[PDB]
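Order of the sequence lines sets the chain letters (A, B, ...), proteins ahead of strands, with each chain counted from 1. Basis for what follows: all heavy atoms, side chains included, without hydrogens, waters or symmetry-related copies.
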Amino acid sequence: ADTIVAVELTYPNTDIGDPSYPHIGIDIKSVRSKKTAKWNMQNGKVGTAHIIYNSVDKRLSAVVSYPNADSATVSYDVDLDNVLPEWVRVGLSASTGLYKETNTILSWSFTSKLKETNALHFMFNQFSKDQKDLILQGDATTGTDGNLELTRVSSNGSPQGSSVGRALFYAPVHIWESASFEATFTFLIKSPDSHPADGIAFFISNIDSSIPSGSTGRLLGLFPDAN
Amino acid sequence: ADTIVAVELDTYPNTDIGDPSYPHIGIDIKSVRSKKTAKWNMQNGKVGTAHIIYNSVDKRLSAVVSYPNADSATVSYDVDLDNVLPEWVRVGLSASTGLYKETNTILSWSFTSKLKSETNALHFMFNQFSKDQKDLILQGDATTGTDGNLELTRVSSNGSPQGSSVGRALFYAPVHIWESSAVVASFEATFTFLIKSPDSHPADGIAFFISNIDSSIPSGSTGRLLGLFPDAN
Ligand SMILES: Cn1cc(CO[C@H]2O[C@H](CO)[C@@H](O)[C@H](O)[C@@H]2O)nn1
Ligand SMILES: [Ca+2]
Ligand SMILES: [Ca+2]
Ligand SMILES: [Mn+2]
Ligand SMILES: [Mn+2]
């Protein structure tokens, strides 16, 4: 199977370890986050996510926030060095199940540095209908109002259940030789209920990664099961 | 045929096809016959630096080649990439040898593109090349890793260059160079190179190029063709 490392953001699946509230988390080869923190989600408002990892501290951190609101942050010690392969791909993933929400990405940026220093950086502030430097998987689409819609949305912007989609940057990224990065994304999660599902995530995986069979809902397009 | 826009650093004068009587720098728009050239005082065995810039405002392509202490050689040309190239392209480096040869070693390479349609950007920096550089598409005789360098054309087990060779390296991801409702980018490329020919006669040159995403070495583009063009039209 695939090797995944992710920062996840919406629906509590307590039977699989989640806490009773919306949670922010760090996933290392399992959907059962190694660490989490309370995320006071705001339906229909634009959020920001910041992820950073430095090879010095060997620590992955994430912060999510809304204008004039307190942010949530989670940190976790881990040597990517021993978890992921040398080359990887970076992407955004999201899903819905019985419940849903829009999983709109308004922007996405990324920087990798491997110190003769080698680097990669990309900035997406608008998304085009034919974004060739993105690899869309599943239900993801680009174009609508220049946004990236990870899961299925209707003509009127109404979301749909049982949907899963990812978007991976076309070029592979070198993250280790024996190595820092930063990621940022702006999102819009919106639901007509008051129990959105299932969340969004930034992830790093093997270059050939793809959505696992059946990974909608709680599995967030990332994991084949819940172990 | 592929669509190419390139900046060449030509060590071999091919008089019968427009090369001036000396090593030179040139800008190539869909043909190996440069729209504009400038004399280049190539210094054999010395590390050079090439800088290529393009801005949407001027819509002017420029290039400067240099070495330490010596004076630079520069060339410019006005062109609308929105008119010449497809909207998504791939960027790369290409080189070749023919009856005469030279090493075409790349020590470093970086690229930056900006598209204010506010901006979408792409930047890459290669200060060393690994033996299995997955973010690069190698074509032809091109290899990476040896000395942490990129060798565009074939080099023998003892630091010697082979003739009739050709190779290219392309960045894996496609690059958006024009939107239509946004004439940018807006790009800049830099590479560092080492061309040495144990012969008093080096050939054929190195080039930075932009092409259709599926571009590939045209069969027979050795020598004067620099790995870019299929003929000399
Ligand atoms: C005990 N229990 C069972 C369910 C069924 O939930 C569906 O809807 C959820 C939110 O869409 C998904 O997390 C889940 O994977 C599944 O698809 N909810 N609570
Ligand atoms: Ca959950
Ligand atoms: Ca020539
Ligand atoms: Mn969770
Ligand atoms: Mn020439």
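Partners of A:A171 under the side-chain contact (heavy atoms from CB on, under 4.5 Å) rule, at least two apart in sequence or in another chain, are A:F169, B:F171, B:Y172, B:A173. The side-chain contact (heavy atoms from CB on, under 4.5 Å) check on B:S72 picks up B:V64, B:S66, with sequence neighbours excluded. Not a single salt bridge (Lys or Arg N to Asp or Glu O under 4.0 Å) links A:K45 to another residue, sequence neighbours left out. A search for side-chain contact (heavy atoms from CB on, under 4.5 Å) contacts involving B:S157 returns nothing, not counting sequence neighbours. Partners of A:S30 under the side-chain contact (heavy atoms from CB on, under 4.5 Å) rule, at least two apart in sequence or in another chain, are A:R32.
The two residues B:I217 and B:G167 have their closest heavy-atom pair at CD1-CA, 4.1 Å. Nearest approach of A:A6 to A:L222, heavy atoms of both residues: CB-CD1, 3.9 Å. For the pair B:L138 and B:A169, the tightest heavy-atom approach, listed with the atom from each and the gap, is CD2-CB, 3.8 Å. When all heavy atoms are compared, the tightest approach of B:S96 to B:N104 is O-ND2, 3.9 Å. Listed here is the closest heavy atom pair of A:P172 and A:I207: CB-CG2, 4.2 Å. Closest non-hydrogen pair, A:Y99 versus A:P196, comes out as CB-C, 4.5 Å.
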Pair up each side-chain donor or acceptor in residues 143-152 of chain B with any protein partner under 3.5 Å, not counting sequence neighbours, and list the distances.
unit_1, atom_1, unit_2, atom_2, d
B:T144, OG1, B:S130, O, 2.8
B:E151, OE1, B:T105, OG1, 2.7

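Side-chain N or O atoms of A:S61 include none that pairs as donor or acceptor with a backbone N or O of A:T73 at under 3.5 Å. Remark: the backbone N or O of A:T96 is not paired with any side-chain donor or acceptor of A:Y11 at under 3.5 angstrom. Judged by distance alone, with hydrogens and angles left aside, the side-chain atoms of B:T103 form a donor-acceptor pair with the main-chain N or O of B:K196 at under 3.5 Å. A:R166 places a side-chain N or O within 3.5 Å of a backbone atom of A:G221 that can act as its donor or acceptor partner. Proximity of a side-chain donor or acceptor of B:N120 to a complementary backbone N or O of A:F124 within less than 3.5 Å is not detected. Although no hydrogens or angles enter the test, the distance criterion places a donor-acceptor pair under 3.5 Å between the side chain of A:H121 and the main chain of A:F110. Judged by distance alone, the side chain of B:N127 and the main-chain N or O of A:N118 form no donor-acceptor pair under 3.5 Å. The backbone N or O of B:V166 lies less than 3.5 Å from a partner atom in the side chain of B:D141, making a donor-acceptor pair. Using modelled atom types, no side-chain atom of A:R59 and backbone atom of A:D77 make a donor-acceptor pair closer than 3.5 Å. A side-chain donor-acceptor contact under 3.5 Å links B:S221 to the backbone of B:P218.
In summary, the aromatic rings of A:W108 and A:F127 are positioned with their centroids too far apart to meet the 6.0 Å limit. A:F185 has its ring centre no less than 6.0 Å from the ring centre of A:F202.
A donor-acceptor contact closer than 3.5 angstrom links the side chains of B:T11 and B:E102. Side-chain contact check for A:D2 and A:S209: at least one donor-acceptor pair (N or O, by modelled atom type) lies under 3.5 Å. Checked by atom type, the side-chain pair A:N40/A:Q42 shows no donor-acceptor distance below 3.5 Å. Looking only at atom types and distance, the side chain of A:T151 has no donor-acceptor partner in the side chain of A:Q160 under 3.5 Å away. Side-chain contact check for A:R152 and A:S162: no donor-acceptor pair (N or O, by modelled atom type) lies under 3.5 Å.
In this structure the side chain of A:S205 never reaches within 4.5 angstrom of the side chain of A:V5, judged on heavy atoms. Side-chain atoms of A:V7 and A:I24, non-hydrogen and from C-beta on, do get closer than 4.5 Å to each other. Looking at A:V83 and A:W176, their side chains never come closer than 4.5 Å, going by heavy atoms from C-beta outward. For the pair B:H176 and A:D133, the minimum side-chain heavy-atom distance is 4.5 Å or more. A 4.5 Å side-chain heavy-atom check between B:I53 and B:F187 finds every atom pair outside the cut-off. Within the 4.5 Å cutoff, side-chain heavy atoms of B:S216 are placed close to those of B:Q139. Looking only at side-chain heavy atoms (C-beta outward), B:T119 and A:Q126 stay at 4.5 Å or farther from each other. Two residues are said to be in side-chain contact when any heavy atoms from C-beta on lie closer than 4.5 Å; B:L81 and B:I177 fail this criterion.
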* To do: Would you check, one step at a time, whether the test side-chain contact (heavy atoms from CB on, under 4.5 Å) holds for A:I4 with A:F223?
  => CA-CA 8 Å; A:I4 300 254; A:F223 306 106; 3.8 Å; yes
* Asked: Do B:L122 and A:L120 pass the side-chain contact (heavy atoms from CB on, under 4.5 Å) test, and can you show the C-alpha distance, the side-chain angles, and the key distance before you say yes or no?
  -> CA-CA 8 Å; B:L122 173 76; A:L120 167 76; 4.3 Å; yes
* For side-chain contact (heavy atoms from CB on, under 4.5 Å), just list the numbers for B:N212 and B:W88, CA-CA rounded to whole Å, side-chain angles, deciding distance to a tenth of an Å, and then say yes or no. => CA-CA 7 Å; B:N212 40 298; B:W88 284 93; over 6 Å; no
* Take A:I189 and A:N43, measure what side-chain contact (heavy atoms from CB on, under 4.5 Å) needs, and give me the verdict at the end. => CA-CA 6 Å; A:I189 301 184; A:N43 202 301; 5.7 Å; no
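More than 12 heavy atoms of other residues, nucleotides or ligands shown are found within 6.0 angstrom of CG on B:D214. Other residues, nucleotides and ligands contribute over 12 non-hydrogen atoms within 6.0 Å of the NZ atom of A:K34. Heavy-atom neighbours of B:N158 CG from other residues, nucleotides or ligands within 6.0 Å: above the threshold of 12.
Distance check, rounded to the nearest 0.5 Å: OG1 of B:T49 to CZ of B:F193 gives 7.0 Å. Here the straight-line distance linking atom CG of B:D28 with atom CG of B:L226 works out to 7.5 Å at 0.5 Å rounding. Distance NZ/A:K29 to CG/A:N227: 14.0 Å, rounded to 0.5 Å. With values rounded to the nearest 0.5 angstrom, A:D81 atom CG is found 10.0 Å from A:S55 atom OG. The distance from atom OH of A:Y76 to atom CD1 of A:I26, rounded to the nearest 0.5 Å, is 9.5 Å. Between atom CG of residue A:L134 and atom CG of residue A:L168 there is a gap of 8.5 Å, rounded to the nearest 0.5 Å.
Looking at A:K100 and A:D198, no side-chain N of the basic residue comes within less than 4.0 Å of a carboxylate O on the acidic one, giving no salt bridge. Using a 4.0 Å cut-off between charged side-chain N and carboxylate O, A:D130 and A:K132 make a salt bridge. The pair A:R218-A:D225 does not count as a salt bridge, with every side-chain nitrogen at least 4.0 angstrom from each carboxylate oxygen.
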